[PDB]
Structures are given as C-alpha cells and as structure tokens.
Ligand SMILES: *[C@@H]1O[C@H](CO[C@@H]2O[C@@H](C)[C@@H](O)[C@@H](O)[C@@H]2O)[C@@H](O[C@@H]2O[C@H](CO)[C@@H](O)[C@H](O)[C@H]2NC(C)=O)[C@H](O)[C@H]1NC(C)=O
Ligand SMILES: *[C@@H]1O[C@H](CO[C@@H]2O[C@@H](C)[C@@H](O)[C@@H](O)[C@@H]2O)[C@@H](O[C@@H]2O[C@H](CO)[C@@H](O)[C@H](O)[C@H]2NC(C)=O)[C@H](O)[C@H]1NC(C)=O
Ligand SMILES: C#CCN1CC[C@H](CN(CCCOC)S(=O)(=O)c2ccc3ccccc3c2)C1
Ligand SMILES: *[C@@H]1O[C@H](CO[C@@H]2O[C@@H](C)[C@@H](O)[C@@H](O)[C@@H]2O)[C@@H](O)[C@H](O)[C@H]1NC(C)=O
Ligand SMILES: *[C@@H]1O[C@H](CO[C@@H]2O[C@@H](C)[C@@H](O)[C@@H](O)[C@@H]2O)[C@@H](O)[C@H](O)[C@H]1NC(C)=O
Ligand SMILES: *[C@@H]1O[C@H](CO[C@@H]2O[C@@H](C)[C@@H](O)[C@@H](O)[C@@H]2O)[C@@H](O)[C@H](O)[C@H]1NC(C)=O
Ligand SMILES: *[C@@H]1O[C@H](CO)[C@@H](O)[C@H](O)[C@H]1NC(C)=O
Ligand SMILES: [Cl-]
C-alpha cells in the first residue's frame, strides 16, 4: 500500500477484481504543474515531497474542449473527461498485480482524442483488468492537448511545440526510474495507444530521446503518417498567430506574444482554438505535433522512409469502420438517429466537408475511385462510400503504409483487422465497427460478466488480452494454448494480417489493396 518512489512515498488502494486483488495508484504527479510562467513550456522535473502522496483517485484532466454534439448520449459522452479540467494535470496511474510482482512487464497507455481531447481516467482505459488477468503493470498518463500542449513558435523555447509529446516522454522517464519499486521491469516496457495515442506511440519510435525509454510498441488505429497527425511549420506558425489575433495578443516580439497568451484564462484559449484554421473538418487537429528540432528532428515521413527509427517489434491494426464516427459531425444527410441513406449529391457535399482545401479534380478523383458500384441500385452505396473514404484516407491506408515501411528495415510486425461490433455499442448499426471501440476489448472490460457483454465477446476479449500481453512480454502476439490461429508476421511482399472477430479468426492478405494504392500513390499528388 506504501511504495517509496524517487520523489517521495505514495499510498495506493486495493481493488477487488475477479475474486483477486489489484493495487492501484491513481494520480501520481510526474512533473511540475505547467502553470503561470510554465504554460506552453516543456514539462519541468518534479521536486521531492516528504509526506505520503495519496494516489487514491484519478487526478485532474488537462484543459480541453468538450464534445457537446450529443448531450446525454453515452456514445459521445463516454469520451468526455470524467475529472475536473485543470492546467494542473501532469499525473499518471499505475495498476500493479497483487501480490506485488517480481519483474513484471509494463504496459504504458497513451490515449487518443485528436491531440485536442482525452484523459487517462476514462472507464475504457481502466488498467485493473489487465493487471489482474495477465499480471502486467499498466501505466497511463495525462498529457497536455490542444494549444496548451502543442502551440508552436518553432525554435522559441517559450512555446517550442510538442509539449504534450514531451509530457508523454517525461512519464516514460518516470517509469524507467521508479517502476522497479512497484515490481515492474523497466527493461520490458510496451507503449500502446489508440488514434492520436497511436500516432504518439509511432512518434516515440522516431524520437531519439524516447529510444531507451521503452521496448516495444502497439499502434491501434493510428500512425504519424496519417494526414491529421503532424502539422507543418507554416501551418503551426500561422495558427499560433491566428490565435494571437483572436485573443488580442498580436505583438511583434514573438516572446511578447507568448507572455500575452500566458495571462489569458484557459477558457479564452480553448474558445478560440477552433478558429485558427479558415476551413475546418471533423478531423481537424488545430494544434498537434510539429517538427520542432527536438522531439522530432526532421519530417517523420523522411525518417520512416530512410529507416531512422527504433528497431523493434510492432503490433499495428485498424477497425473495419474507422470513418463512420466522423460523418455525424458535419457530413450532410448523416444522423445517428436514422439510417443516413444519402444521395450522390449529398456524397459530393460530404467530400467538400472532409476535403475543403482540395481541388475539384482531387474531389472528383475520390468520387471516381469510390463510386463504381457492384450494384447501382443499393441505396446505402453513397453512405458506405463516404465512411470508407474517411476511414481509408485518415486511418487504414496510413497504418498499412507505416507497417510496410517499418517492416522493410528488418523488424517483426503484426497487423490486425478488428471487425467485431460491440453488442453494447450505443451508436446505430449502420456505423459498424467504429473508431475507438476495440479499446474496451483490449482493456478486458468484457471479462466482467456483470457487464452485459455476450459470452462470445468475453472469449474474444480474453484472446485479445492474451495476444497483447504476449506481444508485450515476448514480442510475439500468439495465443498458444487454445488451438488459436497463429498470427504471422506482416511482410512488405505478402502483407498478411489477422482478423479479430467472435466467429472465425482468419489470415488474410493485402488489406484495402485497391483503395490504398489510390490514397498512397495517387492522391498525395493532387
Ligand atoms: C493563415 O491565416 C490567415 C488569417 O486567418 C484569418 O484570421 C484568423 C484570426 C481567423 O479568424 C481565421 O478564421 C481567418 O481566416 C488566413 O487568411 C484567410 O483565408 C481565408 C480563406 O483562405 C479568406 O477568406 C480570409 O479572408 C483570409 N483572412 C485574412 C485576414 O487574410 C490564411 O488562409 C491562413 N493560411 C492558410 C494556409 O490556411
Ligand atoms: C436523417 O436525419 C438527418 C438529420 O436531420 C435531423 O435529425 C433527424 C433524426 C430528424 O429529427 C430531422 O428533422 C433533423 O433535421 C436528415 O438530414 C436533414 O434533412 C433535412 C430535411 O428537411 C434537411 O433540410 C437538413 O439540412 C438535413 N440535416 C442535416 C444535418 O443534414 C436526413 O434527411 C435524415 N435521413 C433519413 C434517411 O431519414
Ligand atoms: C465517437 C466519438 C468521438 N468523436 C469522434 C469524432 C469527434 C471529434 N473530436 C472533436 C469533436 C468536435 O469536432 C468535430 S476529437 O476527439 O477531438 C478529434 C479531432 C480530430 C481527430 C483527428 C484524427 C483522429 C481523431 C480525431 C479526434 C469526437
Ligand atoms: C492521506 O491518507 C492518510 C490515511 O488515509 C486514511 O487511512 C488509510 C489507512 C485509509 O483507510 C484511507 O482511506 C483513510 O482516509 C490520511 O491520514 C492523510 O490525511 C491523507 N493526506 C492528505 C489527505 O493530504
Ligand atoms: C528483471 O529482468 C531483467 C531482464 O529482462 C529481460 O531482458 C530484457 C533485455 C527484455 O527483453 C525484457 O523483456 C526481458 O524480460 C534483468 O536484467 C533484471 O536483473 C531483472 N531484475 C529483477 C530485480 O528481477
Ligand atoms: C482458453 O480456454 C479456456 C476454456 O476453454 C475450454 O477449455 C479448454 C481446455 C479447451 O477444451 C477449450 O476448447 C474449452 O472451451 C478459457 O477459460 C481460457 O481463458 C482461454 N484462454 C485464452 C488465453 O483465451
Ligand atoms: C523580445 O523581448 C525579450 C525580453 O522580453 C528579448 O530577450 C528579445 O530579444 C526581444 N526581441 C525583440 C525586441 O525583437
Ligand atoms: Cl489508381
């Protein structure tokens, strides 16, 4: 219940899980609160305390804008923060098996949320099941999002960019220096994350300051080469200045701009984040990772292509319907409360929504490659095409291109295609296997029988949890005891992947081959 860390003693709490016990330390601080003069700076190291920090409840989530699009609807509100928002949010959580393990493998979760939202205290990120079932230690941290995490005046240390990434990094450092005291093995640390968390994971594979802070990596529904994941220096500076103008902070001395922004209330900053771009989309990442010359020393596409990344094993995957979640945030004709049959004209309007800065010819090229039908008369054709357009462009084809490029430098890589729709999914049926709804299976929520999942879903979560644990401990995501399908490595030639479902788990080849040749080879030219 009392662990001695290098900055002071922390008290945890006992959780009863599946007739066993897990020790949770919720809300350990891992940096100086980035407040006052420290707003927009890289996280500063923490000063020793002499009392017993009571790590007995989740800490503040970082300041962020809330999804208010569907008040009272669990499908959206399950992602909104469930603790107070504050700038004082650089805290992390540890779940250790009980009895305290000897040399446990460590899983570090990095949440997504488009680099603008997210918190580690969400119900679907509860690491106690993994600590109970697989006897790993699960760590998760809060890191700054939006402008407070990623405002960029490149080269200027008052606002250098990538601060939320450096938050993630300082937490990884904390695990290196302290996790042995919890029974963890600092030499067996696997990062995993979803969406922007997955893009975050992939960027730690590229950052030299992260090389020695983890062993292996898991990327769920995201990678740095996704089109939303990295902001250019020109965009980043134009957005910093547009924020300055919007807050009355325009100055000629760039440091005076930052100091001005330091006296604004977080709410002033949050309110104006949405407007630093002239045309947004449901996938806008207004303030995100940039090439700062510190965390990121060059354009990550160049680093990937030329093999400049940590050489290790990766597990990468995507969900069958990544794109549908974003259609009900602006695409015309779409609604979670009907079946969203749209017309050709609504489809064309939807491309304007999702590709506003793209030429007419670019948008016609999407239409041409996605509207050659197996049946001109299926009424869901355009509804499903727009989902696939958004899913393939933003998630699936970048994840596949990342995995090809990464594996060509010699490392084992494993790719999955998650195609199970949760029986408890609150969103409608036409949205399918949505973005983010593999996470509850990874964290083992269906292992709780009291929670209305089916038996087939319990079995699927059990096999997924074991494959993820075996990947973390041993670099190999097999389930070896229950005559399971062997998961083959993904190679750039054959491109084998494993499907995850309740019925039959299958080895397939060349996911979205026709679609990704469009997105990866044609569309970037437009
Ligand atoms: C770089 O930013 C400018 C300025 O953006 C405007 O001011 C901000 C404070 C905010 O309110 C934005 O929404 C404003 O648009 C962009 O210039 C605008 O571009 C649009 C269309 O491109 C045009 O209709 C507006 O009149 C422009 N406004 C001004 C003041 O020039 C500019 O496009 C940005 N560059 C890029 C590449 O996005
Ligand atoms: C599905 O619903 C959308 C969204 O419309 C809203 O939600 C519905 C559930 C219902 O309560 C509507 O009255 C709401 O307006 C419909 O798209 C709208 O259609 C109207 C028709 O008058 C159009 O003027 C609006 O601009 C549309 N709104 C949006 C956001 O696109 C859509 O037609 C419905 N589709 C089907 C097949 O029923
Ligand atoms: C269900 C559900 C959650 N919804 C799914 C979509 C919604 C987008 N959000 C902002 C909400 C308001 O604006 C549209 S978001 O979480 O902040 C966001 C923003 C940009 C992103 C870019 C790439 C990948 C994920 C991103 C996430 C949130
Ligand atoms: C930190 O916690 C200390 C002990 O908390 C109490 O005792 C333990 C054994 C549990 O039963 C726990 O639930 C109890 O609340 C407090 O004495 C101390 O004041 C706390 N420090 C704070 C709140 O700053
Ligand atoms: C804990 O275990 C260490 C070795 O870890 C193993 O080797 C490294 C290189 C990784 O591949 C990792 O996944 C493996 O589990 C030992 O060196 C160390 O002394 C051990 N310490 C204690 C206290 O148990
Ligand atoms: C493996 O399966 C266990 C129970 O499965 C049953 O017993 C085994 C021995 C076989 O006969 C099997 O076909 C039966 O259905 C589960 O309790 C266990 O959690 C499973 N483990 C994993 C890692 O998926
Ligand atoms: C901006 O002001 C800072 C001190 O606040 C100073 O170090 C810097 O050189 C100034 N730059 C100018 C005036 O261009
Ligand atoms: Cl083509």
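Numbering starts at 1 and runs along the chain as displayed.
Keep in mind that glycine also has a Cβ here, set from the backbone N, Cα and C atoms.
Of the residues 50, 195, 200, Swiss-Prot records the annotation phosphoserine for 195. Ranked by Cα separation from residue 249 (disulfide bond), the recorded positions 114, 195, 338 are led by 114.
Residue 435 (tacrine binding site) sits 38 Å from residue 260 (disulfide bond), counting Cα to Cα. For residue 338 (N-linked glycosylation site), the nearest of the recorded positions by C-alpha distance turns out to be 195; the candidates were 195, 238, 253, 260, 482. Comparing CA positions across the recorded positions 62, 113, 195, 322, 482, the one lying closest to residue 54 (N-linked glycosylation site) turns out to be 62. Of the candidate recorded positions, 79, 89, 103, 253, the one lying closest to residue 260 (disulfide bond) when CA atoms are compared is 253. For ligand 2, the nearby recorded positions are 338; that is, of 114, 338, 397, these have a C-beta under 6 Å from one of its atoms.
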